[PDB]
Structures are given as structure tokens and as C-alpha cells.
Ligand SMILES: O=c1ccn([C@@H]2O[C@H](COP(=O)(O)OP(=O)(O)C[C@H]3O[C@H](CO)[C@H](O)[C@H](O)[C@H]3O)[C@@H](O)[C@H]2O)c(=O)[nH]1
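First, one chain by itself in C-alpha cells, the form solved without the named molecule.
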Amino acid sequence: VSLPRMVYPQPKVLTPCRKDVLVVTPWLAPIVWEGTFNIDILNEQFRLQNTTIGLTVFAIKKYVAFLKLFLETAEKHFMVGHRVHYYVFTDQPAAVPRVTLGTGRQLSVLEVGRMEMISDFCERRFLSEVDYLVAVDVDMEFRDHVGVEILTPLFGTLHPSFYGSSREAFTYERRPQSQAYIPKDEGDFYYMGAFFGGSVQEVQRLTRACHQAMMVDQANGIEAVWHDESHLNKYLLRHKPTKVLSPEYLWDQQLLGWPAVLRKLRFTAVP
């Protein structure tokens, strides 16, 4: 379906987008930084498709306390204008705060007794209800725009502690006995487990692969150094993401401040 007439600044072929950061991977996936995208064009493209975005979040034991701020700030900043379906996985349904949602946005509480829950228990439901799935940690708040610029078949996010690091310095799983093993001469980026996503199909593929690999590891009596993040990094090494999010999308201002390369701090650790 065709875009309408739109008036915006002409793109400049002979002006680099950013001169301080890498804005495309070697497999031609965009790295999403402020300045790289026109949100009006992207909003049009995804609205024309009636895009629904599922956000999955696990809130277990004491973590239920982070829900009110997480959801309230998501309402202000996450996919505003688009259909959103929050999926809150919790051991305490009654402790889920009653947060007021904007039109076209809904929340489902799913009681638990992450990779098995997305791939196994919820597969049919997600294919039916949403176009994209995003998995994030609950102990976080949105502080600025997180929108459809992220949407793509499969994305990972640059871990804020490692985005300038050498691949040798990445905390990948280094034991050859683990399915998550990555040697010191391999690796593109260190992706944080706290923010990944993509189409429902690609996210189920990923969570199925991870879950199967983790069970192998367990049967072999080994546990990856950083658990499902270790597995996520292996998967994204072998199945390149179609977009990568800059650390604007997963930051910790207390730990890391507000450096020059970040024009916006969008989604952050709660102290």
C-alpha cells in the first residue's frame, strides 16, 4: 500500500549520517541511533500495515514492584500510536498494578508456576494476536521514544557495557563444552539479554533454539556464564539480526552516565 505525499528534509547522499558511530553492520543491517531515521516515514509505513506489537515481560517474586513504573513509562514512550499488547508473566497476578492504558493497547496477565515460555506455552497465541514480539526486563523505565524504527524480522541490542569493547573482552561463553561457546576470534557484538525481538516467527525460532541448547547444556551438566544472554549471543552470531539497536535502547545512567555518543537515553535501568 502506497505512502501519502509527505514533506521532509531531502536525504543528503554526500553527508554521512553520523561520523562518530557505525550505522550499518557488515551484513547490511541498520544500527539504530538517533539521527539515522525519520520517524514520520517509519510510522506511516507500519501504521499502513496495522502493526500490532507484543511486549513480553517477566516479573517474578520481588520484581513485581517494578511493574508500575515500567508500564506507566511504556505508555508514554513505547510504540505510541500503534497497537500494543503487553504480556506480563508473573507468579503474582494480584500484585500486577492497575495501570491506565491508551486506546488500542491491552495487557494480559499470564500466571507462571523465559525461553520455554515464549517458544513453548505461548506459540499459537502470539502468532494469532501480534505481528512483532519484543522481550524486555521489567526493572527498567522508558525515558524517551522507543518506536517502530526497531521493528524488523530479528533484532538484538548492544549491551551498554561492551559497545566499545574488543571481541576478546566480550563475556561470551568460552568453554567448548557449552552450546553457547564462542571462541576469541569470533563475534560481531555483545548483545544484552534485556532487549531483543522481531517477527513472532523469528522470535519463536530463536527462543526454541535457545531452549533446546540450554537443555543440552543442562543434560551435559554445564550452565553458560550469562545464562540465556550467552545463548542469545550465540544465536545472533550464527543468525545475523536484521537490525541492531544502539545502547540508546538499553542504558544505565547511574552506572554509565550520559556520554556524547548518546543523543537520547530511551530505556534505562532503574537504580
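So that there is no doubt, residue numbering starts at 1 and follows the sequence shown.
One more form of this protein should be noted, the form deposited with the named molecule bound, which is absent from this view; the next part is about it.
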**OP:** Note which of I60, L48, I39, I222 lies within 4.5 Å of the named molecule in the bound PDB entry, where distance is taken over heavy atoms; exactly one does.
**Re:** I60
Original post:
Only one of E72, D131, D139, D144 has a non-hydrogen atom within 4.5 angstroms of the named molecule in the bound PDB entry; which is it?
Top reply: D139
Original post:
Counting only heavy atoms and a 4.5 Å cut-off, does the named molecule in the bound PDB entry sit next to every one of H159, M192 and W226?
Top reply: yes
**OP:** Give a yes or no for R114: in the bound PDB entry, does one of its heavy atoms lie within 4.5 Å of a heavy atom belonging to the named molecule?
**Re:** yes
Original post:
Pick from 22-30, 234-242, 60-68, 205-213: which stretch has a heavy atom within 4.5 Å of the named molecule in the bound PDB entry?
Top reply: 60-68
